[PDB]
Undergrad: 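Quick one: this structure, given as structure tokens, is what I'll be asking you about.
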Amino acid sequence: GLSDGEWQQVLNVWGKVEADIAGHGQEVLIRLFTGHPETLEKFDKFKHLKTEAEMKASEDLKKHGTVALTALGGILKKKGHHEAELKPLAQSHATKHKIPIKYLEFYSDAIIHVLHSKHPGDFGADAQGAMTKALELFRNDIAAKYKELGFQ
Ligand code: HEM
Ligand SMILES: O=N[O-]
Ligand SMILES: [S]
């Protein structure tokens with residue numbers, strides 16, 4: 001788990017996302033898709049996009065970015081007591097969307113990158129530590145459900 005101090009830092013950083021959830025959610029998926037084009041292939045409805053500019057221009061991409069980061073935000077605000085929130089995501093991502101856990105690692109990395117890129121000099125070493133631990137906690141708990149489902 002995380003200490004109370006660490007959860008405080010996590011949710012303080014999340015304040016930055018909450019002020020522009022769609023812009024942050026869009027940049028996260030653009031960073032995913034451009035750094036790891038295999039990820040793009042899991043979305044039939046984005047799979048049409050060839051270029052980053054079409055990605056930037058895509059209002060449905062922004063919308064999905066909003067859906068995804070809102071769901072992460074809700075999970076983070078449970079400070080690890082997130083069993084009921086994780087279950088359906090584990091199930092849909094492992095069994096319907098067929099998303100290898102490695103791609104959730106790429107996604108977590110993309111969140112860190114995007115925070116530094118939008119807030120350079122304002123995402124301090126303590127905050128990156130705490131945010132990385134929360135994301136790892138999420139991945140570990142999801143990984144347990146994937147194992148249960150035989151996906152990984
Ligand atoms: C923190 C990580 C993530 C969160 C919180 C998240 C959340 C969500 C949510 C709330 C939905 C809609 C509800 C559902 O289908 O369960 C969704 C749909 C989906 N997610 Fe994720 N997701 C995450 C990571 C990923 C990653 C890494 C990928 C692929 C590389 C992915 C692929 C998808 C796909 C394909 C859909 C279906 C999209 C559609 O409507 O056509 N997700 N995600
Ligand atoms: O909760 N103090 O690390
Ligand atoms: S997603």
Side-chain angles (χ1 to χ4, degrees), residues 1-2 6-49 52-124 126-146:
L2 269 72
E6 285 172 337
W7 287 120
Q8 181 173 47
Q9 272 279 246
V10 176
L11 302 173
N12 186 255
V13 168
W14 196 253
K16 297 169 153 47
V17 176
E18 285 186 341
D20 182 16
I21 186 97
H24 287 74
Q26 186 174 237
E27 297 305 333
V28 168
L29 292 173
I30 293 171
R31 173 61 175 196
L32 191 64
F33 290 159
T34 61
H36 320 260
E38 67 279 27
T39 55
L40 184 68
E41 285 319 289
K42 296 290 172 162
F43 295 84
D44 58 45
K45 72 171 176 187
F46 300 127
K47 208 210 306 194
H48 78 88
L49 292 164
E52 171 159 10
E54 296 165 76
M55 291 179 190
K56 202 73 51 161
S58 171
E59 298 307 326
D60 203 47
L61 186 163
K62 179 184 256 179
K63 176 187 195 181
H64 193 70
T66 299
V67 167
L69 280 190
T70 299
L72 183 50
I75 289 155
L76 293 174
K77 283 158 175 196
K78 301 317 308 289
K79 307 199 317 195
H81 295 107
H82 56 202
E83 170 60 6
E85 295 91 345
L86 285 199
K87 287 250 58 143
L89 292 188
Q91 293 166 359
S92 62
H93 293 49
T95 67
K96 201 187 177 270
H97 312 313
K98 300 165 204 297
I99 302 313
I101 188 109
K102 193 72 179 166
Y103 295 6
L104 305 185
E105 179 188 345
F106 302 160
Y107 191 96
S108 304
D109 291 342
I111 286 167
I112 297 306
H113 172 79
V114 172
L115 288 166
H116 279 302
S117 175
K118 294 182 79 84
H119 308 276
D122 194 30
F123 181 34
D126 60 348
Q128 181 178 159
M131 187 55 69
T132 297
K133 288 190 77 176
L135 295 174
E136 283 168 354
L137 181 59
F138 164 84
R139 224 160 49 248
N140 191 68
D141 287 345
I142 278 262
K145 310 299 204 216
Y146 270 50

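For the numbers below, each heavy atom of this structure counts, side chains included, while hydrogens, waters and symmetry mates do not. Residues take their numbers from the sequence shown, with the count starting at 1.
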Undergrad: Under the rule for side-chain hydrogen bond (donor to acceptor under 3.5 Å, both in side chains), what residues qualify as partners of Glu27, not counting sequence neighbours?
TA: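 Scan of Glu27 (side-chain hydrogen bond (donor to acceptor under 3.5 Å, both in side chains), adjacent residues dropped) gives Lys56.
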Undergrad: Do side-chain atoms of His24 reach the backbone of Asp20 as a donor and acceptor pair under 3.5 angstrom?
TA: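 Side chain of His24 to backbone of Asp20: a pair is present.
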Undergrad: Taking salt bridge (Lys or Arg N to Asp or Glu O under 4.0 Å) as the cut-off, I'd like each qualifying pair that reaches into residues 103-119, sequence neighbours left out, listed once.
TA: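 Found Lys102-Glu105.
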Undergrad: Take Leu115 and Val17, measure what side-chain contact (heavy atoms from CB on, under 4.5 Å) needs, and give me the verdict at the end.
TA: CA-CA 8 Å; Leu115 288 166; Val17 176; 4.1 Å; yes
Undergrad: Which atoms form the tightest heavy-atom contact between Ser58 and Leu49, and what is the distance?
TA: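 Reported closest heavy-atom pair: CB-CD1, 4.2 Å.
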Undergrad: Under the salt bridge (charged side-chain N to carboxylate O under 4.0 Å, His left out) rule, collect the residues that match up with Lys16, sequence neighbours excluded.
TA: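 Salt bridge (charged side-chain N to carboxylate O under 4.0 Å, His left out) check on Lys16 returns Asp122.
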Undergrad: Looking at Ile30, is its backbone amide N or carbonyl O close enough to the side chain of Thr34 to form a donor-acceptor pair, meaning the two atoms are under 3.5 Å apart?
TA: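 The answer is yes, because a donor-acceptor pair under 3.5 Å joins these two groups.
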Undergrad: For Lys96, enumerate each residue passing the salt bridge (charged side-chain N to carboxylate O under 4.0 Å, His left out) test, keeping only those at least two apart in sequence or located in another chain.
TA: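 So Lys96 forms no salt bridge (charged side-chain N to carboxylate O under 4.0 Å, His left out) with any residue.
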Undergrad: If we ignore hydrogens and angles and just use 3.5 Å, is the side chain of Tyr146 paired with the main-chain N or O of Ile99 as donor and acceptor?
TA: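 Yes, the answer is positive, given that a donor and an acceptor are paired below the 3.5 Å cut-off.
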Undergrad: Taking C-beta and beyond as the side chain, do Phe123 and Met131 meet within less than 4.5 Å on heavy atoms?
TA: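 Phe123 reaches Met131 side chain to side chain.
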Undergrad: Just distance, no hydrogens or angles: give the donor-acceptor pairs under 3.5 Å from side chains in residues 36-48, sequence neighbours left out.
TA:
| from | atom 1 | to | atom 2 | distance (Å) |
| --- | --- | --- | --- | --- |
| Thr39 | OG1 | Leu32 | O | 3.4 |
| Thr39 | OG1 | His36 | O | 2.4 |
| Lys42 | NZ | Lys98 | O | 2.7 |

Undergrad: For residues 59-73, please give each side-chain donor-acceptor pair under 3.5 Å, one per line with the distance, not counting sequence neighbours.
TA:
| from | atom 1 | to | atom 2 | distance (Å) |
| --- | --- | --- | --- | --- |
| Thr66 | OG1 | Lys62 | O | 3.2 |
| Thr70 | OG1 | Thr66 | O | 2.7 |

Undergrad: Please tell me if the side chains of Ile75 and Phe138 come closer than 4.5 Å, counting only heavy atoms from C-beta onward.
TA: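 Yes, side chains in contact.
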